[PDB]
Structures are given as structure tokens and as C-alpha cells.
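Heads up, the thing below is written out as C-alpha cells.
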Amino acid sequence: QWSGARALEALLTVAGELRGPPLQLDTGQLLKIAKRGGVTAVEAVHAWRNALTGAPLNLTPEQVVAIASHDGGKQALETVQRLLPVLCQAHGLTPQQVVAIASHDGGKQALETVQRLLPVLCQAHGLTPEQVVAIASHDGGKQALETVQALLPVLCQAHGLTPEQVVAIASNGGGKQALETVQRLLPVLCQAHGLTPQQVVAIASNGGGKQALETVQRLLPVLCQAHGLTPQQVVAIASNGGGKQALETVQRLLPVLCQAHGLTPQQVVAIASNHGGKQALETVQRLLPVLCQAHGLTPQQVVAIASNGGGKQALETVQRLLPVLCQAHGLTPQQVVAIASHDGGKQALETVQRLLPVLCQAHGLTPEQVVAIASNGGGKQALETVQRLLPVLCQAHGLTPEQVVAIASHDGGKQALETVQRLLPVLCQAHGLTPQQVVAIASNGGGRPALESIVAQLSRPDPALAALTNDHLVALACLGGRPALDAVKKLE
DNA sequence: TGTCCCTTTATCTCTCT
DNA sequence: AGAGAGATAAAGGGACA
């Protein structure tokens with residue numbers, strides 16, 4: 001018989017009991033743990049189910065899922081129960097921060113390393129605990145933490161990086177490898193190729209990483225000679241998450257996209273400049289003619305969909321849904337293009353297809369309003385949040401459907417929506433702001449932290465801002481959100 | 001196999017003018 | 001407002017006991 005059979009059975013028995021108290025985990029959550037944390041993680045969740053739930057620690061089920069659904073998830077759970085009190089009272093971290101650190105492969109190692117290295121990183125290297133938490137909140141945080149401690153001097157002194165840039169580089173998966181590769185390749189990338197330290201930090205600062213830097217060093221001549229690409233363009237391909245793969249794929253598919261399809265280098269660079277650029281490029285070469293086929297979709301419109309995060313997923317979804325969205329929903333091809341032209345366009349397209357009829361028929365929005373909401377990054381989240389909260393915002397808080405659509409039609413719309421309905425009563429009733437004012441602040445990107453920063457100022461007044469009225473604080477907050485408040489705050 | 005670390009991709013949020 | 005940047009997550013491979 002199959003050997004996995006016995007272990008799957010135990011997996012399923014143990015799973016059954018977790019649907020009960022005190023955790024009550026649905027299916028998606030149970031799968032999640034089994035998939036990444038494994039069988040033992042599902043068992044450890046059960047074994048510890050009582051200890052984590054209520055006092056002392058008081059962790060929501062979501063948080064227990066978050067910690068368990070990773071490799072070594074069992075070890076993380078044991079370690080969280082043991083160290084969270086330690087890190088909160090002896091180091092001053094919030095429980096949210098402990099959970100963040102815990103919620104990655106090797107979570108146990110990261111927690112035990114923060115416990116061990118945080119004093120020396122703040123005392124001797126002058127890092128903040130916020131910085132130490134960030135570095136620790138990725139896979140191999142233990143490694144990045146030890147590497148930071150070992151290389152923060154030499155990287156600042158012999159190479160001229162600020163501690164912020166060392167922290168910025170370190171705060172990614174594979175953090176240890178990026179740091180080591182910057183130590184080695186920073187003089188080569190700066191002195192030989194005329195790159196700024198900041199451009200190099202950007203190339204290093206994210207998931208890839210050590211591969212991006214090494215691939216930039218390798219392919220930067222070949223690219224700026226034959227294809228006549230600017231160094232700036234090469235940095236942009238490498239620094240945007242496309243990394244190694246995006247560069248290698250630009251090298252291949254630049255002539256092919258240009259010649260056969262009449263794209264400029266510029267359009268190719270912009271397609272490559274995001275997570276999975278390689279995926280976007282190869283998808284373009286493969287799908288552009290199918291999209292523009294006897295019709296039809298124009299080239300430039302295929303490039304726009306491509307010049308975005310998950311462009312590949314966007315492109316494929318467009319190929320599959322353009323027909324049903326136009327035909328059975330009365331959308332124009334221009335509207336489908338605009339929905340897809342954001343990070344997570346795939347998510348937004350599917351969410352429009354599934355919710356457009358419901359938001360119209362049951363909530364009284366136009367298709368235009370639905371499309372407007374969808375046409376921002378995170379568009380899916382925003383449409384799901386309009387569906388849940390439109391009745392509560394309108395009925396309990398006084399808001400018009402127009403205002404709600406306005407709040408939701410920005411990146412982070414979801415966050416703004418939840419924040420408005422959560423903070424509107426105290427802002428208006430307790431401090432005399434008008435709903436219109438609250439709606440105004442929230443009707444921008446960064447709406448949530450803009451709202452939060454006003455509440456913070458009106459309930460624990462920083463003297464630095466006292467010379468500003470509510471109307472002024474509101475005007476400032478509409479202008480530049482939390483950053484402008486903070487910028488102003490650093491003047492009192 | 002369980003654990004740890006690294007890399008790629010996709011998605012969501014906020015900044016910065 | 002759109003380019004750029006940082007956060008967060010899912011998933012699969014190398015590595016080792």
C-alpha cells in the first residue's frame with residue numbers, strides 16, 4: 001500500500017478535532033497548515049491548542065495559523081509560547097511583532113536570535129528594535145541578523161553605506177546572501193560601472209538579491225553595448241523584483257519583441273520592471289498576436305497590461321475573460337484593459353466578473369463605479385470591502401454610496417474603508433470633524449494611515465502640531481497624508 | 001522527513017512628487 | 001496620479017541530520 005496513507009489518516013483525524021474549540025479552523029486554514037507546516041505542525045497546533053488560545057498569551061486563531069503554516073511550524077509554536085513573554089517584557093516588543101518574527105520558515109531560529117542579539121544590535125550598533133524586527137521577519141532571519149551584526153561596521157566604514165541601507169538590504173529573504181554580495185561587489189558595481197551606492201542598494205533590496213547583483217555585474221556590459229540600454233534602465237530591470245531572471249530574459253527577448261512586434265526598448269524595460277518580469281515578457285511574446293488577432297486589441301494596450309506586477313497573470317486572464325466581460329457584462333475592451341493594468345490585475349478581473357452584477361443589482365452601483373473601484377492595485381480587496389461595508393457605512397455612518405465609492409477607488413481602498421467605518425464616530429462625534437472631512441482625508445492613497453495619524457493627534461496631542469487647527473490638520477492630511485503630518489511634526 | 005535557508009512570482013499597500 | 005518602493009505570502013529546491 002501507499003506509505004503516505006497512514007500519515008494522511010492521522011492528519012485527517014487530528015484535523016477533525018481542530019474544527020472544534022478553542023480554535024475552530026475552517027478548511028482553507030487546515031489545508032494551509034498541512035501544506036506548509038506539515039503533519040507535525042497540525043499535531044503541534046492541536047497539542048498546544050489550549051495554551052496559545054487564552055491567557056497568558058491570548059493569540060487569535062489567525063495568529064496561531066500564521067505561526068504554524070511554515071516549515072518547522074511546530075518548533076515556532078513551542079518557541080512562541082516560550083519566548084513571547086520574554087521578548088515583550090525584557091525587550092519591549094509587542095505581541096504582534098513576536099508573531100511577525102515567528103511567521104516564517106525557521107521561525108524558532110529567528111525568535112531565539114532576536115532574543116539573543118537584540119541587546120547588542122541596539123546598544124553597540126545603534127539599531128532600533130523596529131529595525132531589528134524587520135531584519136528578523138523573513139526566512140533565514142537568524143542568518144541575516146548574525147550577518148548584520150558581523151558586517152554593519154565594514155559595510156558602513158569601508159563601503160560607505162548608511163545603517164539604513166544595511167537594514168534595507170538585510171530585510172529580505174536571503175538577507176545574509178545579499179549583504180555578503182554587496183560587500184564584495186559594491187566597489188565593482190560603483191567604480192567600474194558608475195552606479196550609486198543607492199542604485200546598488202536598490203538592486204540588492206529585495207528577494208533577489210545576491211542573484212540580481214551578480215547578474216547585473218555579468219550582463220551590464222553586454223546590455224549597454226549591443227542593445228544600447230542605459231545603466232539606469234539596467235538598474236530598473238534588476239531592482240524591481242524581476243532580478244536575475246528579468247535581466248537574462250530582457251537579453252533574450254528584447255530583439256524578438258522589438259523586431260517582430262515593433263516595441264521600443266523603453267516598452268520592454270517597463271515590462272521587465274516588476275515581480276516576474278520574465279513571466280510578463282515571455283507571455284507578451286506568446287500572447288500579443290493572439291490578443292491583437294483579427295480585431296482588435298492594440299499593441300500599446302497589451303504593453304500596459306504587461307507593465308505591471310503579475311503582468312503574465314493579467315495577460316492570461318484578459319485573454320480568457322475579455323469575451324465574457326464584454327459580451328455578458330457590457331464592458332468595453334478599454335474598461336477591461338484599465339482593470340488589468342494594475343498589480344494583481346488577475347485578481348481584480350475575476351472579482352469584477354464575480355461581483356459586478358451583485359454590486360449593481362443588490363447595492364445600486366453603476367458598472368462604471370465597479371470598474372473605477374477595480375481599477376487600482378489591490379482592486380479585488382476593495383471590491384470585496386465595498387460589498388461588505390457599503391450597507392454599514394451608508395446606513396449607520398450616514399455616508400452616500402458616492403462617498404464610499406470615492407474612498408474605495410485608490411490603492412489600499414480596503415484599508416481606507418475599514419478605517420473610516422472604524423474611526424468615523426470618534427473623529428466626528430468626539431472631535432467635531434465633518435463626515436465630508438473624514439471622507440476627504442480617506443479618499444487618497446494611504447487613506448488608512450492618514451486617518452490614523454489625525455486620530456493620534458486629536459487624542460494624544462503632540463505639542464508640535466498644536467498651532468494647527470482641525471481644518472488645517474485636515475487640509476494637511478488631505479495634501480500629504482501621514483507623511484506630511486510627520487514632516488510638519490518634525491518642526492515644532 | 002522535519003527543519004532551515006534561499007529564490008521566484010504574485011498581490012496588496014503606501015510614498016512621493 | 002503614476003512610478004517606485006516596501007510588505008506579505010505561496011511555493012518549490014538545496015542542504016543536512
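Computed over heavy atoms, backbone and side chain alike; hydrogens, waters and symmetry mates excluded. Sequence lines set the chain letters: A, B, ... in the order given, protein chains first and strands last, and positions in each chain run from 1.
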Reckon A/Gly377 touches a base, only the sugar-phosphate, or nothing at all at heavy-atom distances under 4.0 Å?
base
Distance test, side-chain N/O of A/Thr40 to OP1/OP2 of B/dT3, below 4.0 Å:
yes
Is the backbone of A/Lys32 close enough, under 3.5 Å, to the side chain of A/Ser69 for a donor and an acceptor to pair up by distance?
no
Between atom NE2 in A/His104 and atom P in B/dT3, what is the gap in whole Å?
17 Å
Are the side chains of A/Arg422 and A/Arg448 in contact, using a 4.5 Å heavy-atom criterion?
yes
Rounded to the nearest 0.5 Å, how far apart are CD of A/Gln115 and CD of A/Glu112?
9.0 Å
For A/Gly174, answer base if it contacts any base atom (sugar-phosphate contacts may also be present), sugar-phosphate if it contacts only those atoms, and nothing otherwise; contact means non-hydrogen atoms under 4.0 Å.
base
A/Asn376 CG to C/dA3 P, in whole Å, measures 13 Å
Does A/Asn376 use its side chain to pair, donor to acceptor, with the backbone of A/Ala372 at less than 3.5 Å?
yes
With the side chain defined as heavy atoms from C-beta on, A/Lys346 is closest, among B/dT15, B/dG2, B/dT11, to B/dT11
Using atom types as modelled and distance alone, determine if a side-chain donor or acceptor of A/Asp139 lies under 3.5 Å from a backbone N or O of A/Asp105.
yes
Measure from the side-chain heavy atoms of A/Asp105 and tell me the nearest of C/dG12, C/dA5, B/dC14.
C/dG12
Between P of B/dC4 and NZ of A/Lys176, the distance in whole Å
17 Å
Integer-rounded Å distance: B/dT13 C1' and A/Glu452 CD
12 Å
Report the distance from atom CD1 of A/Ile33 to atom P of B/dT3, rounded to the nearest whole Å.
14 Å
Taking OP1 and OP2 of C/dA10, is either one under 4.0 Å from a side-chain nitrogen or oxygen of A/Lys32?
yes
From CD of A/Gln63 across to P of C/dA9 the rounded distance in Å is 11 Å
Interface with DNA chain B, restricted to residues 275-286 of chain A and to heavy atoms under 4.0 Å:
A/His275, A/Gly276, A/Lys278, A/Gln279
I'd like to know whether A/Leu117 forms a side-chain contact (heavy atoms from CB on, under 4.5 Å) with A/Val148, so could you lay out the CA-CA distance, the side-chain angles of the two residues, the decisive distance to 0.1 Å, and finally the verdict.
CA-CA 10 Å; A/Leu117 287 185; A/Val148 157; over 6 Å; no
Check this one for me: any side-chain N or O of A/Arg482 less than 4.0 Å away from OP1 or OP2 of B/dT15?
yes
If the condition is side chain to side chain donor-acceptor pair (under 3.5 Å), which residues does A/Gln436 pass it with, not counting sequence neighbours?
A/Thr434
Value in whole Å for how far the P atom of C/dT8 lies from CZ of A/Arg36:
18 Å
Provide, to the nearest angstrom, the distance between the NZ atom belonging to A/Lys35 and the P atom belonging to C/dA9.
16 Å
